[PDB]
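Working notes, structure below.
Chain letters run A, B, ... following the sequence lines, proteins first and then strands; every chain starts at 1. Computation of the quantities below employed the complete heavy-atom set of this structure, encompassing side-chain atoms and omitting hydrogens, waters and symmetry-equivalent molecules. Numbering of ligands and ligand atoms starts at 1, following listing order.
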There are 2 protein chains.
Amino acid sequence: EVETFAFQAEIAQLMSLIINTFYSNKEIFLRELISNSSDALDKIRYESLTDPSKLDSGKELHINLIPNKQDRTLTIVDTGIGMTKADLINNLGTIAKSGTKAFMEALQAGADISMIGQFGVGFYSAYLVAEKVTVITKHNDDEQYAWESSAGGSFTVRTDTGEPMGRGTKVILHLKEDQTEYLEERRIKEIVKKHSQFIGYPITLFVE
Amino acid sequence: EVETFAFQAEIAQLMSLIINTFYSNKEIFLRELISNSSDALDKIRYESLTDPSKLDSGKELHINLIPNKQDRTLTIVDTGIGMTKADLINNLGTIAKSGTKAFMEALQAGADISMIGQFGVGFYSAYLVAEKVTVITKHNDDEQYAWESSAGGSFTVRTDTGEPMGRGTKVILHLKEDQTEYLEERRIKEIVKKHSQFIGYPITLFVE
Ligand SMILES: O=S(=O)(Nc1ccc(O)c(-c2c(O)ccc3ccccc23)c1)c1cccs1
Ligand SMILES: O=S(=O)(Nc1ccc(O)c(-c2c(O)ccc3ccccc23)c1)c1cccs1
């Protein structure tokens, strides 16, 4: 029912560098997650151009940001193309192995963590703020799966029995106890307006 | 043998704005083309992760920049995933219609042409420098096609009889007579080092 996998070695080293490096501008995680949502949305929209039944599983293309101060989670929901099980296992549909190689080389020579997105591995910046990240996802061609990792070199995959999502991806960020400012309306808005002003999809910040 | 198509109205307006707006920093076209090559390369690499026969049509993933001062062309070749005929007709595998809408809205309120890539329509910046652009392309699932446009509201598509490319895309830029500085070794290198320093594929500048 639950499958446990080892991260590839270079992805574990990336996750460790992100968890351990002293670096204060942690707010960039949101930009990287939202830009991934936008790319997934760009994809389903492209497919729908020539096949509108691709949107049978939901016509609206949007991003939702949902803070929950009780659970201490920040959730980013998009109704993009989503991921098959095979995508999730392969580093969440990314060429992460070679993206890590380039990113760690760039660091050694000048670069800082904020440039992570340029190497195609922005997702792992969630670990600047989250002790555990849970990706729920549903692709037209597959069933609904949950991926999960508290880092430490392994991640799990299970078919998800939670709330059906139609199509898309939900990234649930279980936040480190000192990172709860990202659950504050004030701070989220500041970040989105600063870093995501030219995303082509409505972004709705849920209030509690 | 030759099919002629009308640009969608908003793509023609984008092309016209790019051709007519007074704007001096035209050098950005190269960054936008090379970043498209990188994305096509990211794609074939991803597919190959789980199916290595995807690289039967060529194992090397690279970008070539080829100036020809005689023909007055600058060519950008990549061995990325390439495009099917259907992709080429649909605005070269992009959601160009809605990307134009966002880009022209951003312009009206602050933005400048250099941000074109953020709206997913970087390709059309080739018209800052080229009087005519010819895209040759080959995708594993289709035959080799050539797309062509001197703007003016129409583009053509034909199956290509030129030199077989295996897999990838060649963008041939027939340069405006006052834009020949982009055929100079000096200037190309300046531009690549400035704007494309973190592309994850070798870029080889051909000498004449
Ligand atoms: O080209 S993509 O595979 N687009 C894509 C497709 C489906 C998806 O569910 C996502 C996606 C999201 O929509 C949301 C979060 C993601 C986190 C890691 C990887 C992909 C995420 C992204 C991509 C992956 C990583 C950055 S862009
Ligand atoms: O997601 S993509 O469809 N990637 C992709 C796939 C195959 C390709 O041949 C290209 C591509 C190139 O490799 C080179 C030039 C292009 C110009 C316009 C559109 C796509 C170009 C780009 C994309 C299209 C436009 C910007 S990124």
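- A distance-only check finds a donor-acceptor pair linking the side chain of A:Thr79 to the backbone of A:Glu60 [under 3.5 Å].
- Close placement of the A:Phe29 and A:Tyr182 rings is indicated, their centers lying within 6.0 Å of each other.
- At a heavy-atom distance under 4.0 Å, only side-chain atoms of B:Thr94, from C-beta outward, approach ligand 2.
- Ligand 1 has no N or O atom lying under 3.5 Å from any N or O atom of A:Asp39, backbone or side chain.
- Looking from atom 15 (C) of ligand 2 to the surrounding protein, the closest heavy atom is B:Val171 CG2, 3.7 Å.
- B:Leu92 O, 2.9 Å is the protein heavy atom nearest to atom 19 (C) of ligand 2.
- Between A:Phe7 and A:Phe155, the ring planes lie tilted relative to each other; the angle falls in the 30° to 60° range.
- Of the protein's non-hydrogen atoms, B:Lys43 NZ, 2.7 Å is the one closest to atom 2 (S) of ligand 2.
- Nearest non-hydrogen protein atom to atom 14 (C) of ligand 2 is B:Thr169 CG2, 3.5 Å.
- Closest to atom 10 (C) of ligand 2, if we only count protein heavy atoms, is B:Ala40 CB, 3.8 Å.
- Below 4.0 Å from some heavy atom of B:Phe123 lie the following atoms of ligand 2, by number and element: 17 (C), 18 (C).
- In terms of protein heavy-atom proximity, atom 16 (C) of ligand 2 is nearest to B:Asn36 ND2, 3.7 Å.
- Taking every non-hydrogen atom of B:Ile81 and a distance limit under 4.0 Å, the qualifying atoms of ligand 2 come out as 6 (C), 7 (C).
- Residue contacts with ligand 1 leave out A:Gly80, since none of its heavy atoms falls under 4.0 Å from the ligand.
- In this structure, atom 7 (C) of ligand 2 lies nearest to the protein heavy atom B:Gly82 O, 3.3 Å.
- The residue from B:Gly93, B:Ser37, B:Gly99 that puts a heavy atom closest to atom 23 (C) of ligand 2 is B:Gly93.
- Summary of contacts: the protein heavy atom closest to atom 21 (C) of ligand 2 is B:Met83 CE, 3.9 Å.
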